[PDB]
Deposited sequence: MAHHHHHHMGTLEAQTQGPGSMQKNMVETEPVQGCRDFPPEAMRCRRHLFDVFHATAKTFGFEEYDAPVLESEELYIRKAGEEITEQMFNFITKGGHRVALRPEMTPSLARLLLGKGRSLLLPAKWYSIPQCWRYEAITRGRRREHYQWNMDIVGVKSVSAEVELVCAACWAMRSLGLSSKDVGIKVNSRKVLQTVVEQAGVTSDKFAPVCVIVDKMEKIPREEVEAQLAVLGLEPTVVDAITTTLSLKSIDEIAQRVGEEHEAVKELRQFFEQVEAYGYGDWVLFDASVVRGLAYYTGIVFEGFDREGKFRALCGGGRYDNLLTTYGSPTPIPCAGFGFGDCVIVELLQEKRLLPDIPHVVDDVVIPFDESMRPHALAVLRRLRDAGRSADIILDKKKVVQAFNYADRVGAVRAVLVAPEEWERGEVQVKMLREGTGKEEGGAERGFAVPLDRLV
């Protein structure tokens, strides 16, 4: 007996499970098309240098890396964004901007699950908060398409620029800002104070606990960069009709080094699950990768696990049975040639159809039709075939001419 279980921390998707995944992905695709994003993809295997950021990020700590026989340092991607940037930087001046790109890559880690699929959506070449508005709306749109409401979930929103100001105004060099976000992201675990030592810590704490935009306007003015952007953001989301889905939370920073402005997280309103999705603006990434001109970017990742737990809890993942329009049933083996001709007509006309492949009695064929979720069974029998007909029976036995089956 061979080992039937999959490799450690990896999922099998037999047809039952695959229908569930495909239900989720159909939404990701449909939302992307509704929002005018273009699909792209890149190798799951990337060069390890792509992810060496040196900021203590959990995503790079837990990187599934290995050495080829030719001695190259490579890894199964922990995230997609660096791949996106490589492609963008590769295209250079030939890329029309603004660009809106999406994908649903499988991403990896070594530490629990070692893989997940992650919908990625990114807008490139847009400086204004209109990008983040669109992105946050897309995420809400996908969750609403899955049957969730603003009673079920929300998106917490913030700007890193606020904290940046404090880091700056507290005489704390620009260089160290990314380390601080990464540490402060760990707040939800108790001894984050210890990491920041390795005062300006206090001002960070107070600013995370500020419960409103007015309170941040009071801390650094109604026309700070962050205040105007957040107001603009909330206004646009309100106008698009998703006001009840979004809110301000000063504690949201995200764990990734490269976020420079607005950042956001989806969450369940019952407090039962980790972040449903996550993202932000990252206007400097392409500059760090060597771009001669700064390229504004923003985007998000939306995993395939947390969302499924949430949907299961809310009872929004009813089992989806397989279906097929027709099952064609030879009365016996001598009718197979004729049954095949009929299968051809049905498929020719855009229908999904099986033919009983094995030899079996009609009643067993009918049972089989019902097991595979057939809408209709088409019996091809000698006496009917002479009249130019088949027998049709709906499952969700009148005789029918061949021309009228479609």
Legend entry - Ranges missing from the model, given as deposited sequence positions: 1-25, 137-141, 219-221, 232-236, 435-446
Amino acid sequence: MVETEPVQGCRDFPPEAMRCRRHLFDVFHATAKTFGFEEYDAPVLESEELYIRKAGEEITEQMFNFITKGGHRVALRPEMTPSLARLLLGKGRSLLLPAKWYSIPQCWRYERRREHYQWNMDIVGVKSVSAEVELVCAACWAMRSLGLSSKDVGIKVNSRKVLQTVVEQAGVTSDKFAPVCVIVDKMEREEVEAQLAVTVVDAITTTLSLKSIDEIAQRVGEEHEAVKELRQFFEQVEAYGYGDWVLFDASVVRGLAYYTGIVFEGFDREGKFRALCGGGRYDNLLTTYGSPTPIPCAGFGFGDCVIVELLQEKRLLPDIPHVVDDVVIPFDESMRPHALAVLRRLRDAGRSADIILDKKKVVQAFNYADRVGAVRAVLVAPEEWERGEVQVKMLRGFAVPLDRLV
From here on, numbers count along this sequence of modelled residues.
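Throughout, rigid core stands for the largest set of C-alpha atoms superposing within 1.5 Å between the two forms.
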Inset, instruction - Taking the root mean square of C-alpha distances over all structures and residues in 9 other deposited structures of this protein, with a rigid core superposition, name the larger of 352-360 and 63-71. - result: 63-71
Legend entry - Stretch with larger C-alpha RMS deviation in 9 other deposited structures of this protein, core superposed, 173-181 versus 309-317: 173-181
Legend entry - Given 166-174 and 228-236, the range whose Cα B-factors average higher in the PDB entry: 166-174
Inset, instruction - Could you check which stretch, 263-271 or 212-220, carries the larger mean CA temperature factor in the entry? - result: 212-220
Inset, instruction - Determine which member of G71, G125, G255, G299 has the highest CA B-factor, using the values in the deposited entry. - result: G71
Inset, instruction - Sort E313, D326, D283, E111 by C-alpha B-factor from the entry and give me just the highest. - result: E111
Legend entry - Third of chain Cα B-factors occupied by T34: lowest
Legend entry - Ranked C-alpha temperature factor of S352 among modelled chain residues, by third: lowest
Legend entry - Chain-wide C-alpha B factor ranking for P294, given as lowest, middle or highest third: middle
Legend entry - Cα B factor band for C10 (lowest, middle or highest third within the chain): middle
Inset, instruction - Looking at the entry's B-factor column for C-alpha atoms only, identify whether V362 ranks in the lowest, middle or highest third of its chain. - result: middle
